[PDB]
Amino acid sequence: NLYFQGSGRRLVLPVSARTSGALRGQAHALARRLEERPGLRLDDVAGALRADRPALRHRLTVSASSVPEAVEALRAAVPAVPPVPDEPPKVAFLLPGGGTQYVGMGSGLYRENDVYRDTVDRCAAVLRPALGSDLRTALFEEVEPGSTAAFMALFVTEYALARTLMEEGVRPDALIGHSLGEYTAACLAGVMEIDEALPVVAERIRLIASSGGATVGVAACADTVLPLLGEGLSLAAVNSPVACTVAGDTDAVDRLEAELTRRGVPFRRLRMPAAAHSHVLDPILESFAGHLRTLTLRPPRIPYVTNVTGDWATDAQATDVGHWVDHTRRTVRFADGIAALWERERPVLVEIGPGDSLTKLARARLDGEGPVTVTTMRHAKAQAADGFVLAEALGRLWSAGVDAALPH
């Protein structure tokens, strides 16, 4: 059952000291105090940790739904982020592309968080005409892998999760999306309106899927891979010094994999039999533009880097149908874009969506600038509750210096 339950007992307990060393001890002191004081309710400690202490430079948090849990976590507590900077840090949202979606994602947030519930409900209703079904079936019960609904489930999950973070007062200073995630970024930035984007993204997915072809993810930098392509092959994504993807017709991809295998290059065929970001899409570009022409495009009110150039999007690009056509046809320059995003703001990098695929690419590309990264929703196999994962994210954001992230 996905009946609304509201927020749990789950609370975030903040701790801040003036030394990394006083942090460890003060977290252990608080643990002893909770043991030796059965009067102390958990909600009073939480409120008191906010109102009665100054938010100092060295921070950590625990999440807990009860007192023994909080005590256990406070003993194991290790500072995890650097001391907060003197100016408040910038925040960036990283919005993943296809590949991480799964049935059941965000079902915990759907039942605890009314912004997440309402955003999902609204998107599901807008999408019924283009999709032919209720998206919430695909989100929470069952879905055909790689279907239109499966990818729309990811788009709406990213969008709902970002709205949920923004309602907590975590608003991004910059955005970057990977592939499909660039549409979520555009909706969040004000370039597109979510209600107009939803059916257009859906028809876009259908046109890409019906174009056939194949995509292979290669664990190597693009400079190593480029000489091996390939009539019938395009560089589909340049993701990090050890990650790129190649797309084209199936026979050409087969041949590339044989050559990669002869050179010891690790690779894996992506499950979706499509070839987004390659010449295979040429026959549907004009028809896709016709759908793009239904959108009211506006200049971004939150800055974002586009995968077309791997750089900040201009107002002229954001509002241009042919640029959005380029976004679908051309290499996703994510490695360049994450470096452009980092050089300007040095922001906290917050992955908005299931898993940690963009976080790993950011860490590989930004080595060793020491980026602070925050993950926001679990992988398909993880046993953690969605609301626990979210509470941890918000605590960690507060520990990095994003004060509005602490709930209550």
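Numbers follow the displayed sequence, beginning with 1.
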**Message:** Test of understanding: from the entry's C-alpha B-factors, which stretch has the higher mean, 161-169 or 70-78?
**Reply:** 70-78
**Message:** On mean Cα temperature factor in this entry, is 116-124 or 269-277 the higher one?
**Reply:** 269-277
**Prompt:** Between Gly248, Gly230, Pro199, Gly217, which carries the biggest CA temperature factor in the record?
**Reply:** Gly230
**Asked** Of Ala48, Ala364, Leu349, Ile352, which one's C-alpha B factor is largest in the deposited record?
**Response** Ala48
**Fill in**
The third of the chain into which the C-alpha temperature factor of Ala340 falls is the middle
**Prompt:** Split the chain's modelled residues into thirds by Cα B-factor; is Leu131 in the lowest, middle or highest one?
**Reply:** highest
**Prompt:** Within this chain, which third does the Cα B-factor at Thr359 fall in: lowest, middle or highest?
**Reply:** lowest
**Asked** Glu257: which third of its chain by C-alpha temperature factor?
**Response** lowest
**Item:** Third assignment of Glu203 from its chain's C-alpha B-factors
**Value:** lowest
